[PDB]
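In what follows, a structure is listed as C-alpha cells, so that the remarks can point back to it.
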Amino acid sequence: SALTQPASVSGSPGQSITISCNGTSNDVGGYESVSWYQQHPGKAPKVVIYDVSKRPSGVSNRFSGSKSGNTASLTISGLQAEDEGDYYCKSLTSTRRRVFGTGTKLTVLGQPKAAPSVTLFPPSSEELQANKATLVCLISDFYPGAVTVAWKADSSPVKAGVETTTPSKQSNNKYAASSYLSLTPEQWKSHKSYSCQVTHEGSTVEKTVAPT
Ligand SMILES: *[C@@H]1O[C@H](CO)[C@@H](O[C@@H]2O[C@H](CO)[C@@H](O)[C@H](O)[C@H]2NC(C)=O)[C@H](O)[C@H]1NC(C)=O
C-alpha cells in the first residue's frame with residue numbers, strides 16, 4: 001500500500017503548520033521509523049525529521065516530528081519563504097520494504113511579485129567550432145515560479161528546437177530557469193535577429209541579440 005497525506009496546505013509568514021501522514025499498524029502504527037523530506041524544484045530531497053521526531057544537523061529547530069496511532073505529523077513553526085516546497089513522509093515497515101506519502105504542496109503567503117530579469121546569450125565561438133548554436137536565455141529572480149517562454153527568428157516566431165528548464169528555487173527563494181533554442185551554425189549565421197520573450201503574470205520581458 002501507500003501513506004495518505006493532504007494534497008495542499010497554505011500558511012501565513014510566522015504561523016505553525018501541520019502535515020499529517022496516515023498509515024497502518026504495519027508502518028506508522030507499530031514502528032518508530034517515519035521520516036520527512038522536502039523537495040525544492042531543482043533540488044534533491046532533504047531529510048528534516050527522521051525516526052518520528054529527530055532532526056539531523058543543519059536542519060532548523062522550527063521543524064518537529066510526532067506520531068499518534070497510525071498518524072505521523074510534521075510541524076513547521078515560524079514559517080519563512082524557504083519553507084515553500086513539496087513535503088513527503090517515508091516509513092520503514094514490518095519487513096524490509098518502505099512506504100511513501102502522496103505528498104503535500106506547502107505554500108507560504110507573504111509572496112511579493114518579482115518579474116524575471118532576462119539575459120540572452122548568443123552561442124560561444126568555442127561551441128561554434130563544435131558545430132552547434134544554442135542560444136541561452138537565463139530567466140532569473142522571479143516569483144511566483146512560473147513563466148511562458150517565446151522565441152522568434154527576428155519577427156517570424158519559432159516552435160522548433162525549443163527547450164525550457166523547470167524553475168529552480170535560488171538561495172533568495174526566487175526562481176531561476178533557462179530556455180535553450182538549439183540551432184545549426186548556418187541557421188544562426190543566417191537570421192539578422194533573435195528574441196527571447198518570457199511572459200510572467202501578464203507582464204512580458206524581451207531580450208535581443210544579433211550575429212557578428
Ligand atoms: C487522516 O486520518 C485522520 C484520522 O486520524 C482524519 O482526520 C479526521 O478528519 C475529519 C474530517 O476529514 C475531522 O473533522 C477530524 O477532527 C479528524 N480526526 C482526528 C481524530 O484528528 C483525516 O481525514 C485523514 N487525512 C488524510 C489526508 O490522510
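We name chains A, B, ... following the order of the C-alpha cells; residues begin at 1 in each chain, and ligands are numbered from 1 as shown.
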
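Residues of protein or nucleic acid lying within 10 Å of ligand 1, counting only C-alpha atoms and all ligand atoms, are residues 3, 4, 5, 6, 7, 8, 19, 20, 21, 22, 23, 68, 69, 70, 71, 72, 101, 102, 103 and 104 of chain A.
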
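With CA of residue 12 in chain A on one side and CA of residue 112 in chain A on the other, the separation reads 12.8 Å.
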
Excluding residue 75 in chain A and its own-chain neighbours fewer than 3 positions away, which residues fall within 7 Å of it when counting only C-alpha atoms? Please give them as a ChimeraX atom specification. /A:16-19,63-65

Compile the contact shell of residue 111 in chain A as a PDB file with N, CA, C and O atoms, in the first residue's frame: residues with an atom at most 9 Å away, counting only C-alpha atoms, same-chain residues fewer than 5 positions apart removed.
ATOM      1  N   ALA A  81      10.066  32.091   3.937  1.00  0.00           N
ATOM      2  CA  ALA A  81       9.975  31.879   2.491  1.00  0.00           C
ATOM      3  C   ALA A  81      10.576  30.549   1.993  1.00  0.00           C
ATOM      4  O   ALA A  81       9.945  29.867   1.175  1.00  0.00           O
ATOM      5  N   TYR A 143       9.100  35.479  -9.241  1.00  0.00           N
ATOM      6  CA  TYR A 143       8.111  34.980  -8.299  1.00  0.00           C
ATOM      7  C   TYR A 143       6.674  35.403  -8.672  1.00  0.00           C
ATOM      8  O   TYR A 143       6.453  36.590  -8.935  1.00  0.00           O
ATOM      9  N   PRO A 144       5.679  34.466  -8.670  1.00  0.00           N
ATOM     10  CA  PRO A 144       5.795  33.018  -8.385  1.00  0.00           C
ATOM     11  C   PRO A 144       6.598  32.278  -9.466  1.00  0.00           C
ATOM     12  O   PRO A 144       6.859  32.838 -10.532  1.00  0.00           O
TER      13      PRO A 144
END

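From CA of residue 179 in chain A back to CA of residue 207 in chain A, the distance works out to 12.3 Å.
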